[PDB]
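Trainee: Just dropping this structure here.
All Cβ positions, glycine included, derive from the backbone under ideal geometry; neighbour counts span all protein chains shown. Derivation of every value follows stated rules applied to the coordinates shown; laboratory data play no part.
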Amino acid sequence: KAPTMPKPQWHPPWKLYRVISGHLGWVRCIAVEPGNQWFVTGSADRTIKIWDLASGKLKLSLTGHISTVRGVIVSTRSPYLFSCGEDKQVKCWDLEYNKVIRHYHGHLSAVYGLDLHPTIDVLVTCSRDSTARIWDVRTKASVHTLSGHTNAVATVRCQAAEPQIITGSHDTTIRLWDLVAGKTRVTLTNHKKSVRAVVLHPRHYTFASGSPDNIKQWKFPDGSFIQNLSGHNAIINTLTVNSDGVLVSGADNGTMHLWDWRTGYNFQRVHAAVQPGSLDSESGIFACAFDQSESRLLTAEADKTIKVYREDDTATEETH
Amino acid sequence: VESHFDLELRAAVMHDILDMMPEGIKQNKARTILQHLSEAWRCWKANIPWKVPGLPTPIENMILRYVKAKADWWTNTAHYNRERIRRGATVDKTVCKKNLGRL
Amino acid sequence: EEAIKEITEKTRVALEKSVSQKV
Amino acid sequence: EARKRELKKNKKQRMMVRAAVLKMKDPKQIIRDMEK
Amino acid sequence: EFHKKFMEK
RNA sequence: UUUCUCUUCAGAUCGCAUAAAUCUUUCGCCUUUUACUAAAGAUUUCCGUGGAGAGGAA
RNA sequence: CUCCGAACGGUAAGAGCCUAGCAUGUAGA
């Protein structure tokens, strides 16, 4: 009856490997370095914890943000960190420099996240009041900022591909305009909910998407709800697809509905376990990302830790 | 200062009430839940087992999370004030009483 | 991804023009 | 140190009050109207 | 946190 | 053969010496600030300089 | 034993009378 019901993708099950409990507070951003040698693990204690990617050992700390930094990324062509938050301090932490020289500027209010382009010499920062600053690399200024948000921008993204926009304000108003034009050629006045899960699915185009209620698929060209997923009522706080087309969306309420690649509905329907220090109903999946080798999933819950959900050997996963 | 942190916490509480299980748009509640959360935080400041009853599960969870965030910010401000306590660095007159009360 | 390169070149030219105008 | 600023504010308020008192019943306001 | 703080203050 | 135009690449003590500013740390001060003192790191600005098209006088 | 510093934190506020170095270059009928 349901889509992909008589075609169960015989993928392996997840398996927790270890939890690196070294942060002090709810983890804000978690990302693995491109070289498979660093693991940028942010925390609300005003200290970016850049640990090891696969080992998870304490590599080094990095302060500079006065408050919780809800934005952290690492560039490819620009070997330097990229932080962003309410502190308005971008930690340009190079692997050899180990300092803060970015000096993110342009947002006249708080910041909830940012994203640097992989190829184009541009970026994006989710300002608080109404701004969407396209922080140009080696410019520290939003010369061409696609400002189409009336509240705190949920997320931001831009690259050499041609969806041309990824963003959305907190006042139920998004700007799916052309990044080259700058003007609001296409106002994405939809998704009034807290849309904070837009992970790349299979192909660059006609991929999957998410939402905090009834998550479904999307499309890079013009958008389309093709892969009709199940009723993902869980508030998907983020999503980082696997290396082999699979998709996983971390939930803000702890119930991370794990959907298959093309199935859409929750295949595992996993949840966030109650940590020993955490309360009964207080936790929530803040980040979830597969490693560079896609061997262990780095899932950072609200217990100030990062779990390594490795894969197990089993084909007994056939369900109608 | 800490006023900006308190304002950010209040805005986060409003955003959670709007998005974190708002019970659908059916003429929802108002800042009275914020008053309940503030009263619950004041009660916890007494180190008592009191809480914020009279609300659903995720509302209480978000209230506890925001209270923990505000308490962490307060403890951090207190640690920063105690750091500039031995030397002091010519502390003002009003900050001394606040740091003393926090400690 | 030739169109990607074209879009990137257009973005670079626009950024350079904006820098020359402001700076 | 702030007592100097407080005294300056008090003196400015008193000067404004005195100016208003001298101008309201001024020769151009009161005595000028006394002839009308 | 609280232990070292109350010990050195 | 000699010069002036200019988009362009510099890790050569780019300049057999030597200016400032901004930011982040550490001292001396400190009545508030701007002017400050003497050490480290980084980013820029100015006097400039090197090597390669095209276009203009003897 | 020759190394030498400057500004702000500064001059109460007031009603009657009086004097002046400066500035446009045009549209149009």
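Trainee: If I ask for residues that are in contact (Cβ under 8 Å) with a residue 40 or more places away in the chain, over 19 Å from A:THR119 (Cα atoms) and within 11 Å of another protein chain (Cβ to nearest Cβ), which ones from segment A:136-158 would you list?
Mentor: A:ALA152, A:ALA154
Trainee: Checking A:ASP129 against (1) more than 16 Å from RNA strand F (Cβ to nearest atom); (2) surrounded by fewer than 23 Cβ atoms within 10 Å (Cβ to Cβ); (3) away from every other protein chain (no Cβ under 14 Å), which single condition isn't satisfied?
Mentor: That leaves (3) as the condition not met.
Trainee: Same structure again: From the set of residues in segment A:70-86 that are under 17 Å from A:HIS23 (Cβ atoms) and within 13 Å of another protein chain (Cβ to nearest Cβ), which is surrounded by the most Cβ atoms within 10 Å (Cβ to Cβ)? Give the derivation first.
Mentor: First pass over segment A:70-86, keeping only residues under 17 Å from A:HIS23 (Cβ atoms): A:70-72, A:81, A:83, A:85.
Remaining after also requiring within 13 Å of another protein chain (Cβ to nearest Cβ): A:70, A:85.
Numbers: A:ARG70: 23, A:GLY85: 29.
Checking each candidate, the answer is A:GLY85.
Trainee: List the strands (runs of 3 or more DSSP E) inside segment A:1-100, counting only whole elements, that have at least 3 residues being closer than 30 Å to B:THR77 by Cα. Reasoning before the result, please.
Mentor: Details: elements: A:14-19, A:30-32, A:39-41, A:48-51, A:60-62, A:71-74, A:81-84.
In segment A:1-100, A:39-41, A:48-51, A:60-62, A:71-74, A:81-84 are the strands (runs of 3 or more DSSP E) which contain 3 or more residues that are closer than 30 Å to B:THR77 by Cα.
Trainee: Considering only residues that are touching a helix residue (DSSP H, G or I) at 6+ places or on another chain (Cβ under 9 Å) and in contact (Cβ under 8 Å) with a residue 60 or more places away in the chain, look in segment A:8-54 and name the one that is farthest from A:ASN237 (Cα to Cα). Don't jump to the end; show me each part of the working.
Mentor: In the first step, residues of segment A:8-54 are kept if they are touching a helix residue (DSSP H, G or I) at 6+ places or on another chain (Cβ under 9 Å); the result is A:24-26, A:44-46.
Subset that is in contact (Cβ under 8 Å) with a residue 60 or more places away in the chain: A:24-26.
Details: A:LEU24: 20, A:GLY25: 17, A:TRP26: 13 Å.
It comes out as A:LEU24.
Trainee: So how many residues does segment A:159-176 have that are buried (at least 18 other Cβ atoms within 10 Å of the Cβ) and within 14 Å of chain C (Cβ to nearest Cβ)? Let's see the steps before the verdict.
Mentor: If we filter segment A:159-176 for residues that are buried (at least 18 other Cβ atoms within 10 Å of the Cβ), which is where we start, we get A:159, A:161, A:163-170, A:173-176.
Now restrict to residues that are within 14 Å of chain C (Cβ to nearest Cβ): A:159, A:161, A:163-165.
Final tally of qualifying residues: 5.
Trainee: While we're looking at this one, here's another question. Among the numbered conditions (1) more than 21 Å from the chain's Cα centre (by Cα); (2) under 13 Å from A:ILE236 (Cβ atoms); (3) not hydrophobic (A, V, I, L, M, F, W, C), tell me where A:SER281 comes up short.
Mentor: (2)
Trainee: Six or more apart or on different chains, Cβ atoms under 8 Å: show the pairs whose first residue is in segment C:1-15 and more than 7 Å from every other protein chain (Cβ to nearest Cβ) and whose second is surrounded by 11 or more Cβ atoms within 10 Å (Cβ to Cβ) and not β-branched (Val, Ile, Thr).
Mentor: Sorted first by the residue in segment C:1-15, then by its partner, the pairs are C:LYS5/A:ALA160.
Trainee: Just to check your reading of the model, which residue among A:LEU108, A:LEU123 is within 14 Å of another protein chain (Cβ to nearest Cβ), over 19 Å from the mean Cα position of the chain (by Cα) and farther than 15 Å from A:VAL69 by Cα?
Mentor: Numbers: A:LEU123 fails: over 19 Å from the mean Cα position of the chain (by Cα).
That would be A:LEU108, the only listed residue that is within 14 Å of another protein chain (Cβ to nearest Cβ), over 19 Å from the mean Cα position of the chain (by Cα) and farther than 15 Å from A:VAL69 by Cα.
Trainee: Look through A:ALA273, A:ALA234 and report the one residue that is surrounded by fewer than 20 Cβ atoms within 10 Å (Cβ to Cβ) and within 20 Å of B:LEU64 (Cα to Cα).
Mentor: Working: A:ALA234 fails: surrounded by fewer than 20 Cβ atoms within 10 Å (Cβ to Cβ).
The unique qualifying residue is A:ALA273.
Trainee: Would segment A:180-203 turn up any residue that is in a loop (DSSP other than H, G, I, E, B), within 12 Å of another protein chain (Cβ to nearest Cβ), in contact with a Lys or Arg (Cβ under 8 Å, 6 or more places away or on another chain) and in contact (Cβ under 8 Å) with a residue 24 or more places away in the chain? Reasoning before the result, please.
Mentor: We begin by selecting, within segment A:180-203, every residue in a loop (DSSP other than H, G, I, E, B); these are A:180-186, A:189-203.
From what's left, within 12 Å of another protein chain (Cβ to nearest Cβ): A:180-182, A:191-196.
Still in the list and also in contact with a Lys or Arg (Cβ under 8 Å, 6 or more places away or on another chain): A:180.
Remaining after also requiring in contact (Cβ under 8 Å) with a residue 24 or more places away in the chain: none.
No.
Trainee: Quick check on segment A:275-294: of everything there that is touching a strand residue (DSSP E or B) at 6+ places or on another chain (Cβ under 7 Å) and aliphatic (A, V, I, L, M), which residue is nearest to the other protein chains (Cβ to nearest Cβ)?
Mentor: Narrowing segment A:275-294 to residues touching a strand residue (DSSP E or B) at 6+ places or on another chain (Cβ under 7 Å): A:284-292.
When the remaining residues are screened for being aliphatic (A, V, I, L, M), the result is A:285, A:287, A:289.
Working: A:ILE285: 14, A:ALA287: 16, A:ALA289: 22 Å.
Out of the qualifying residues, it is A:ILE285.
Trainee: Restricting to segment A:103-114, give me the number of residues that are within 16 Å of RNA strand F (Cβ to nearest atom) and surrounded by fewer than 24 Cβ atoms within 10 Å (Cβ to Cβ).
Mentor: We begin by selecting, within segment A:103-114, every residue within 16 Å of RNA strand F (Cβ to nearest atom); these are A:103-105.
Narrowing further to those that are surrounded by fewer than 24 Cβ atoms within 10 Å (Cβ to Cβ): A:103, A:105.
Total satisfying the criteria: 2.
Trainee: Hey, among A:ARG77, A:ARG70, which residue is in contact (Cβ under 8 Å) with a residue 24 or more places away in the chain, of a type in the set (D, E, K, R) and within 16 Å of RNA strand F (Cβ to nearest atom)?
Mentor: Values: A:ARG70 fails: within 16 Å of RNA strand F (Cβ to nearest atom).
The match here is A:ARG77.
The rows are residues; the columns are (1) in contact (Cβ under 8 Å) with a residue 12 or more places away in the chain; (2) among the hydrophobic types (A, V, I, L, M, F, W, C); (3) assigned to a loop (DSSP other than H, G, I, E, B).
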site: A:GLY284; (1), (2), (3): yes, no, yes
site: A:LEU297; (1), (2), (3): yes, yes, no
site: A:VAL308; (1), (2), (3): yes, yes, no
site: A:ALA315; (1), (2), (3): yes, yes, yes
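Trainee: Additional query: Name the single residue, out of those in segment D:1-32 being of a type in the set (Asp, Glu) and loosely packed, with under 10 Cβ neighbours inside 10 Å, that is nearest to RNA strand F (Cβ to nearest atom).
Mentor: Let us first name the residues in segment D:1-32 that are of a type in the set (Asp, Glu), namely D:1, D:6, D:26.
Next, from what is left, pick out any that are loosely packed, with under 10 Cβ neighbours inside 10 Å: D:1, D:6.
Numbers: D:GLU1: 6, D:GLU6: 16 Å.
So, considering only residues that are of a type in the set (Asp, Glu) and loosely packed, with under 10 Cβ neighbours inside 10 Å, the one nearest to RNA strand F (Cβ to nearest atom) is D:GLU1.
Trainee: From the list A:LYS219, A:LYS307, which one is touching a strand residue (DSSP E or B) at 6+ places or on another chain (Cβ under 9 Å), more than 14 Å from chain B (Cβ to nearest Cβ) and of a type in the set (D, E, K, R)? Can you show your working first?
Mentor: Details: A:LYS219 fails: touching a strand residue (DSSP E or B) at 6+ places or on another chain (Cβ under 9 Å).
Result: A:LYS307 is the single residue among A:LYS219, A:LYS307 that is touching a strand residue (DSSP E or B) at 6+ places or on another chain (Cβ under 9 Å), more than 14 Å from chain B (Cβ to nearest Cβ) and of a type in the set (D, E, K, R).
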